[PDB]
Amino acid sequence: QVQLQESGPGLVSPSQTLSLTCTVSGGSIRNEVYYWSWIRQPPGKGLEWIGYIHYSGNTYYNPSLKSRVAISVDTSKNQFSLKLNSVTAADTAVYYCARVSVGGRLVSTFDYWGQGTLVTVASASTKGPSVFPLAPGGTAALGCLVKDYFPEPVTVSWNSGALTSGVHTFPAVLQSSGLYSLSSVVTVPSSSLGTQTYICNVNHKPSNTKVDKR
Amino acid sequence: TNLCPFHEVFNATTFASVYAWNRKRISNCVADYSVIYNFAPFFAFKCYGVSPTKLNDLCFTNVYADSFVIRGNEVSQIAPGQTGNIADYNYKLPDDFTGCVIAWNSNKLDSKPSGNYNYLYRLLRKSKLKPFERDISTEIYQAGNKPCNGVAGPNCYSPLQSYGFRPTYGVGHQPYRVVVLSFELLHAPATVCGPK
Amino acid sequence: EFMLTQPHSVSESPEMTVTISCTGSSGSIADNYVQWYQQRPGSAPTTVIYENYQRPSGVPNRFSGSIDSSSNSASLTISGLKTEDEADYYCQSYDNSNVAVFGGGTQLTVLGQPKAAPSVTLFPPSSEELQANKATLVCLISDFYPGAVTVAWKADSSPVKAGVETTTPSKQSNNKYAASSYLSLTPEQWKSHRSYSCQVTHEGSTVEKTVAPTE
């Protein structure tokens, strides 16, 4: 099917150029849907349209962001990139890329969206995260503690996507030191305390760090 | 030896309508067709009688550049042997046509938020247009047996109809600038040859 | 500009009729199509109604849209509200200059949801963290409907008001909330106490753990 996925630096220093690349699978940037848009959404706020680009170089940007937004199309790789120069503190948002249908009478139908990525705009000494195991009725519960990570996007998928039953990802908190902390526990039966190794898997994309621990 | 003004034909700011399409005669210059590819990916680049890969190697007698803006759903009508409103009443290509039909989207230049009524087309007429025939008539066309005498009666309509051309329209309704290059391939003389 | 305006929040009992307003501050809402997208907490928006009267495959018949040109506004009526429909809804239109404009979002709340009880759980510090001369208690809260849950700690002889980070409760995938409390302290202070108790203050009742640092 048609799937879109965002990519790019998860953290950009202030006053720099925010660059994100959206890779489209199952459909090229061609006569298919004629439009490919970018939509951002700050945490706790509504959607905000950035702009869409046509395969013939036609660009339509937001009036409030006309000076900074610059979108480019690369049909050879089926990827269209967004360049947002001169970033500010209010630019922290989850940037989505979605196709827009133009085959009808008028423009409509934001049909397929992407998963989005949270790109922060703060230069806060981006160190790496750390993991800590949590020691453990017919069922039990235990997990792994994650601390000292500035970029919010983190994944704690257990067993590379296996044993998803009872898995809960509690929201992170902003500590006084400026770092976040994550705690993800999985509900497991008490009979399986001796088998089914609880190897918790973490993946920090902005720092390319993958750690595993029981 | 000098470069032909193909760029000046393509990059024209104000294009003519399909019922009054402009005509430019290219002669006494180096026909370097490589400058055409400097624009955005075209919606239609169909060539007839010649190959688009080796246009710079052939030599042509007369090179006519026809420029007109049409609707996106009507781009397929500009081709040898088609039939439609634009093909019959606005622009008729001959059956033995030799050239390329170059069309690209121009929604950012030829559209306006409040509508762009500068471009018009002929809705109906008495008979079909001959190949390469231009009709700039604006007299009221009569449809019934009774004479209209130049008024908009019950069965009297204007010959021309205006395009909408709003940017929010679909891809089939957006404006498309079409450049039809007519090539008289070395019939009697050899005048306009490519880069050698 | 074509800034659409939506109500900030709306609530109604289930199986009833709920209408979401979408008013245009300028221009005309009839000149361009109006689309409605459903964005659940922690997910990507999904098209619900497009072309103002068309519904794609897979969307239940509970969603239907209409246009009111007499008031230059649109409305999204919901027939038979249920729990799975509690999400954010944005009405989207287009300005005459090819500018796509989204609404402010309407927070739908299912009032007919029953009460819930929090699931308090506490985990002791890890061996590596204790070897690193540090400690951080992790008290987890989940499965509570009212978002007014506060945290508290005890030292079995006096309350604890040290460095404690409390997570802001947010909606889960199942219309419920979750919370967490992190208490960091030195391992000496952790071992020099009889017992700690993460006191979770719910509406009326309270649940604690009373975990002793003795192994």
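Residues numbered from 1 in each chain as written, not as in the entry; some residues may be left out. Chains lettered and ligands numbered in written order. Heavy atoms only, no water.

As recorded in the entry header, the structure was determined using cryo-EM to a resolution of 3.28 Å.

Chemist: For this particular structure, what's the right way to read the interface of chain C and chain B?
Modeler: Many authors give the size of an interface as the accessible area that is lost as the parts come together. On the side of chain B, five residues touch chain C, which itself brings seven residues to the contact. Between chain C and chain B the total buried area reaches about 420 Å² when both faces are included, carbon and sulfur atoms providing 49% of it. Looking only at chain C, the three residues that lose the most surface to chain B are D31(C), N96(C) and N98(C), adding up to 75% of its buried area. At the surface where chain C touches chain B, the tally comes to zero salt bridges. For the pair chain C and chain B, the number of links is one residue pair in polar contact. Looking at the side of chain C that touches chain B residue by residue, the class counts come to one nonpolar, four polar and two charged. (Contact = heavy atoms within 4.5 Å. Buried area = accessible area lost by both parts, 1.4 Å probe. Salt bridge = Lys/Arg side-chain N within 4 Å of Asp/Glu carboxyl O. Polar contact = N/O pair within 3.5 Å; in protein donor to acceptor, adjacent residues only side chain to side chain. Nonpolar A, V, L, I, M, F, W, Y, C, P; charged D, E, K, R; others polar.)

Chemist: What exactly am I supposed to notice about the domain arrangement of chain A here?
Modeler: When cut into domains, chain A gives domain 1 (3-119) and domain 2 (130-213). Taken over C-alpha atoms, the centre of domain 1 of chain A sits 32 Å from the centre of domain 2 of chain A. (Domains from an automatic or database assignment.)

Chemist: Before we go on, may I ask you to explain the domain arrangement of chain C in this structure?
Modeler: All names here are of chain C. If you check the domain split of chain C, you get domain 1 (4-110) and domain 2 (121-207). A separation of 40 Å is found between the C-alpha centroids of domain 1 and domain 2. Taken together, the contact pairs six residues of domain 1 with four residues of domain 2. Counting the surface lost from both domain 1 and domain 2, the interface buries some 450 Å², and carbon and sulfur atoms represent 30% of this. Its largest share of buried area at the contact with domain 2, domain 1 owes to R40, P41 and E86, together 70% of the area lost on that side. Where domain 1 meets domain 2, there are zero salt bridges. Viewed at the interface, domain 2 and domain 1 are joined by three residue pairs in polar contact.

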